[PDB]
Amino acid sequence: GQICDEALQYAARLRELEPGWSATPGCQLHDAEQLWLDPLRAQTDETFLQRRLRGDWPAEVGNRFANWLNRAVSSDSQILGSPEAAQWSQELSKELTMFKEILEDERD
Amino acid sequence: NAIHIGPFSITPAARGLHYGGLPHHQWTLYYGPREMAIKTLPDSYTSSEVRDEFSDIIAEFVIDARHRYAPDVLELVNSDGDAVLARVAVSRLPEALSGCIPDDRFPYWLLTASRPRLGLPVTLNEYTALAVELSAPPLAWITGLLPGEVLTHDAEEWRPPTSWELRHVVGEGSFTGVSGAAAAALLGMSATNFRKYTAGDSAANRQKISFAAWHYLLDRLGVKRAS
Amino acid sequence: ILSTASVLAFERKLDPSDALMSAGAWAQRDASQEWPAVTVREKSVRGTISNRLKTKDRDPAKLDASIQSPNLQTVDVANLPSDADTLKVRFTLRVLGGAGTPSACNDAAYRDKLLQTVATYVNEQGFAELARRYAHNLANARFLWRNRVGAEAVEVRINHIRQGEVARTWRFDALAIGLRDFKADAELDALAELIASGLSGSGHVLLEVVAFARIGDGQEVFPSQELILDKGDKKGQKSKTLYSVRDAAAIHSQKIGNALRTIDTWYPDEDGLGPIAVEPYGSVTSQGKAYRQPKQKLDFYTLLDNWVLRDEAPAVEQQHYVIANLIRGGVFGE
Amino acid sequence: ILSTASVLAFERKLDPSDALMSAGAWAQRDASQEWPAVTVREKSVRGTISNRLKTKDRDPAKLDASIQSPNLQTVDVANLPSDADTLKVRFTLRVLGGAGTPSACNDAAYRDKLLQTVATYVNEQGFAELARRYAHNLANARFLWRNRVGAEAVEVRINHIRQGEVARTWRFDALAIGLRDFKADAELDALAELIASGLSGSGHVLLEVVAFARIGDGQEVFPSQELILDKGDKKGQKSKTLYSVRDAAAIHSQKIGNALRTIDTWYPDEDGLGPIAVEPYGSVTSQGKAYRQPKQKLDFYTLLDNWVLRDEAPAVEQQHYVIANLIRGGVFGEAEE
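Protein chains in written order, with this note's numbering: chain W, 158 to 265; chain D, 142 to 368; chain P, 51 to 384; chain G, 11 to 347.
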């Protein structure tokens with residue numbers, strides 16, 4: 158929960174700390190994440206791209222963030238074979254669902 | 142005036158300067174002929190302050206040298222292949238190994254810890270024989286810093302160590318952390334006759350150590366097994 | 051004492067080339083040396099959400115909200131031209147032989163025991179059965195994977211090129227030969243004799259395989275499908291990409307190789323499903339299941355260990371399976 | 011009394027370039043100057059699970075679930091154009107000479123002692139035997155490692171280029187000469203004479219080696235393989251990289267140099283296993299074994315020390331081995347591992 162809150166706070170601080178949204182040259186997957194996790198469509202961004210980002214909230218960005226978090230946490234078959242690792246996976250899924258809900262409520 | 146911490150030396154730089162209005166001096170930390178760090182320290186510093194200015198670099202060098210020259214590990218596995226039952230840190234390889242994968246033909250196998258494993262099947266009595274023969278002392282990593290020709294068992298190629306090599310193991314700054322008095326009592330000598338060994342140059346009243354005393358001292362300190 | 055080696059790798063035999071694709075009209079197939087090549091092109095597609103979405107969603111407002119999304123993508127596609135009814139593919143393959151020896155090993159005694167084991171297998175019976183299976187799989191056009199269904203008449207031409215010019219020739223019909231069983235025929239026996247001579251190392255073999263398939267005019271052909279990087283947007287072939295040698299659609303060589311070794315009939319669980327491609331834990335990714343399940347003592351590894359170490363040589367069909375797996379090649383280490 | 015030096019180093023002789031590849035059709039072999047290069051491409055690969063498994067695995071549900079999620083790789087590959095059947099390989103070679111002199115030393119007495127040792131060797135035997143074995147390894151196309159196997163016919167031309175033009179020429183059939191033995195032949199003897207002249211410091215030699223190998227149409231070739239480094243990858247990256255100079259597939263120069271010095275037939279293990287490359291503790295990596303183990307008295311260091319310090323000259327083939335190891339160059343002394 159502290160990691161999820163720190164990630165949400167760092168995303169909010171990076172968003173509000175950003176003065177303007179610039180078209181990143183070669184930001185590989187950074188535009189796909191920053192359609193929602195980036196700032197509003199300013200004059201540097203296209204209005205049609207801003208309307209498309211308002212059309213679809215970044216659920217796939219939340220999936221990629223959950224994948225990066227699950228890759229950051231070292232897992233093994235002892236958690237898959239044990240029930241405690243299944244409970245930890247269920248708790249991580251509940252935290253990822255809460256983070257995706259908080260992202261989708263502000264998104265769009 | 143230099144300061145000596147085991148095989149390390151800390152010297153000042155013979156003409157100071159004024160930094161921020163206060164007089165200072167440059168200091169250098171050596172490891173034999175190799176210079177490692179340089180700091181600029183003010184005066185009105187006791188030698189303990191100059192010691193723990195560099196203590197952290199000394200400790201980091203010790204950590205890296207301990208990890209690099211660590212001995213090899215063998216392990217005992219049952220017939221499946223996983224679930225290691227016991228481990229041992231050897232100083233040599235048992236000379237009969239050749240790359241193996243354990244099967245159900247035998248209930249005990251003795252594999253290496255490196256990844257393309259070599260292995261051998263054993264029967265828990267020869268395993269104890271190999272553990273008695275090939276084990277390693279607790280401070281075997283100090284042998285990685287020694288020239289080898291002062292470590293051989295053959296008397297024809299051996300040469301006595303110098304004082305700088307001898308400060309690796311004896312003295313309060315050494316890696317074993319044993320005194321000269323305790324090492325003299327370990328050999329059944331006086332403190333003065335042992336201090337005769339560590340003078341610095343044989344012209345200035347200094348004698349070489351014997352073959353037998355050197356190997357027995359390495360045995361008693363837990364550095365080389367010396368069977 | 052003797053134990054199995056820890057690193058062990060075998061270089062493959064039966065290397066195919068890549069399968070280039072050309073097109074033309076039927077009964078010009080005695081002059082198919084200047085036929086033009088098929089070209090991959092671009093296409094746009096705007097479809098609907100046809101997937102099984104998450105049920106117990108009693109909200110059709112989000113449903114017809116999602117209906118108004120055209121979700122346009124851009125699709126690579128390659129088709130036959132308007133004036134051609136016949137598709138022509140072409141590749142070469144060589145047979146190497148010396149299929150006993152590994153390419154890397156740790157132990158020497160294990161390697162010598164393995165060498166004398168395959169020597170006993172060869173002196174018992176040569177490569178005649180396996181080359182019969184391989185020539186049979188070569189005769190029917192199995193390597194055309196999805197370009198074989200819905201075909202009128204498929205004819206393959208085989209050339210054994212000893213010098214720069216052709217030495218011998220075959221000419222088969224595909225659909226007479228089944229994709230199910232292994233029969234006998236004198237031309238097939240001559241081809242299997244040549245392949246078994248190549249696998250024994252008695253002489254080198256270079257083959258050239260050309261096929262013709264009368265699909266019709268303007269239909270769609272299927273080359274191999276590439277990998278799409280998700281770092282881009284919804285444009286730039288965001289759907290699929292087709293494999294191509296320079297300005298020509300083509301098929302990957304491992305597709306040809308997987309089609310050629312589809313000879314495993316001795317898998318125990320059934321027999322009415324036809325032959326399988328040979329590999330340890332004999333499995334197919336289309337069915338998503340694994341025959342030769344290793345808790346049954348019929349995988350490649352346990353059979354090989356019981357053969358080489360304890361000298362419990364299995365039944366002759368399982369020995370065929372093991373030697374075919376060694377002809378496939380791979381990495382057999384821990 | 012005379013001990014060994016603490017620092018010793020020898021630069022190498024027999025310096026090759028790195029060879030690059032090209033393609034064409036046979037019987038255009040005498041016009042092969044505009045034959046285009048062989049480039050590298052990429053392709054996708056989906057693989058199965060085909061390796062051994064641990065015992066906590068092989069519960070069949072876990073195995074099937076492993077088969078469910080596949081792995082997708084990208085791979086560099088290189089192969090012939092679809093209308094050619096001959097591969098062309100080209101590189102140059104310098105024989106330097108002066109093999110006795112070290113590049114760094116401490117004892118002068120050790121230096122001139124081994125200098126007079128190699129002078130006595132070069133007075134007794136010439137460089138004829140080693141140059142014969144070297145010209146043998148140049149004759150057969152051993153430097154084609156995997157491109158040689160399964161080939162139909164292979165022909166190699168050498169040009170001795172002295173000024174800006176050719177001086178002498180050689181032609182061979184590489185599969186006539188075996189990879190198993192060392193015969194005699196007049197043209198090969200002239201080539202070995204030229205090489206032994208270059209090794210002895212007599213003249214200045216520079217060769218150009220061209221090889222033609224008949225493979226087939228569209229078939230795969232094998233360049234050297236690079237090393238990829240990635241720190242916690244995302245399982246969609248490449249898994250194979252090939253060496254290329256200026257967009258043309260190529261072989262590393264040390265691969266050629268390792269193939270050239272495959273002349274050790276004198277190792278005490280056996281004789282039906284073929285010659286290996288000259289090494290201290292002479293070891294091949296495919297077998298994972300070390301011939302000339304130092305517990306036998308047949309490694310490079312003990313032979314050298316018995317020859318130099320205590321004058322036990324070994325057998326003449328061991329002297330050939332030691333001189334070959336000195337021609338190879340390396341680092342000896344108290345930089346020990």
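Note that the Cβ used here is the ideal one computed from N, Cα and C, for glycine as well.
- Segment contact: the segment 256-263 of chain D against the segment 276-296 of chain D, fewer than three CB-CB distances shorter than 8 Å; contact not assigned.
- Residue 142 (chain P) is bridged by DSSP to P:258.
- Secondary structure of residue 211 (chain P) (DSSP, three-state): coil.
- Taking a C-beta distance under 8 Å as the contact criterion, residue 50 (chain G) and residue 223 (chain G) do not qualify as a contact pair.
- Between residue 46 (chain G) and chain P, the shortest Cβ-Cβ separation is not below 8 Å.
- Between the beta-carbon of residue 350 (chain D) and that of residue 301 (chain D) there is about 6 Å, and that keeps the pair under the 8 Å contact cut.
- Rounded to the nearest whole angstrom, the CA to CA distance from residue 193 (chain G) to residue 105 (chain G) is 23 Å.
- The beta-carbon distance between residue 374 (chain P) and residue 180 (chain P), rounded to whole angstroms, is 6 Å. This is short enough to meet the 8 Å contact definition.
- In the DSSP assignment, residue 72 (chain P) falls within the unbroken beta strand (DSSP E) covering 69-74.
- Within chain G, the C-beta atoms nearer than 9 Å to that of residue 289 (chain D) come from 344 and 346, in chain order.
- The Cβ-Cβ distance between residue 254 (chain D) and residue 205 (chain D) does not fall below 8 Å.
- Taking C-beta separations shorter than 6 Å and ignoring five residues to either side along the sequence, the partners of residue 90 (chain G) in its chain run 33, 228 and 229, following chain order.
- The continuous alpha helix (DSSP H) containing residue 255 (chain W) extends over residues 240-263.
- Note on geometry: alpha-carbon atoms of residue 249 (chain D) and residue 361 (chain P) lie some 22 Å from one another.
- Rounded to whole angstroms, the Cβ separation of residue 84 (chain G) and residue 248 (chain G) is 5 Å, and the two are in contact under 8 Å.
- Where residue 319 (chain G) is concerned, there is no enclosing alpha helix (DSSP H), because DSSP gives it neither an H nor an E.
- The segment 175-239 of chain G is shown to contain whole alpha helix (DSSP H) runs of 4 or more residues at 196-209, in chain order.
- Under the DSSP assignment, residue 149 (chain G) falls in the alpha helix (DSSP H) whose first and last residues are 138-149.
- About 44 Å separates the Cβ atoms of residue 272 (chain P) and residue 173 (chain P), ruling out a contact at the 8 Å cut-off.
- The C-alpha of residue 208 (chain W) lies about 14 Å from the C-alpha of residue 189 (chain W).
- From the listed residues G:183, G:154 and G:176, the smallest Cα separation to residue 166 (chain G) is found for G:183.
- Residues of chain W with a Cβ closer than 9 Å to the Cβ of residue 305 (chain P) do not exist; the shortest Cβ-Cβ separation is about 30 Å.
- Proximity of residue 221 (chain D) to chain G, defined by a Cβ-Cβ separation below 8 Å, is satisfied.
- Contact of residue 57 (chain P) with chain D is assigned, a C-beta pair being separated by under 8 Å.
- If you check each beta-carbon in the segment 318-352 of chain P against every beta-carbon of chain G, the ones closer than 8 Å belong to 329, 330, 331, 333, 335, 338, 339, 340, 343, 344, 345 and 351.
- Relative to the Cα of residue 239 (chain P), the nearest Cα in the group P:183, P:371, P:193 and P:279 belongs to P:183.
- Taking 3 residues as the minimum length, the beta strand (DSSP E) runs contained wholly in the segment 103-137 of chain P are 122-127, in order along the chain.
- Taking residue 296 (chain D) as the centre and dropping the five residues before and after it, the same chain places the C-beta of 352 closer than 7 Å to its C-beta, in chain order.
- For residue 307 (chain D) and residue 109 (chain G), the gap between their C-alpha atoms comes out near 40 Å.
- Per DSSP, residue 247 (chain D) lies in no beta strand (DSSP E) and is assigned neither H nor E.
- Under the Cβ distance rule, residue 281 (chain P) counts among the residues neighbouring chain W, one pair being separated by less than 8 Å.
- In the three-state reduction of the DSSP assignment, residue 266 (chain G) falls in the helix class, which pools H, G and I.
- Residue pairing of residue 197 (chain W) in beta bridges, as defined by DSSP: absent, with no partner found.
- Less than 8 Å separates the beta-carbon of residue 231 (chain D) from that of residue 275 (chain D).
- With its beta carbon at least 8 Å from every one in chain P, residue 321 (chain G) lies outside the interface.
- Look at the segment 61-84 of chain G: the residues with a C-beta under 9 Å from a C-beta of chain D are 62, 64, 65 and 66.
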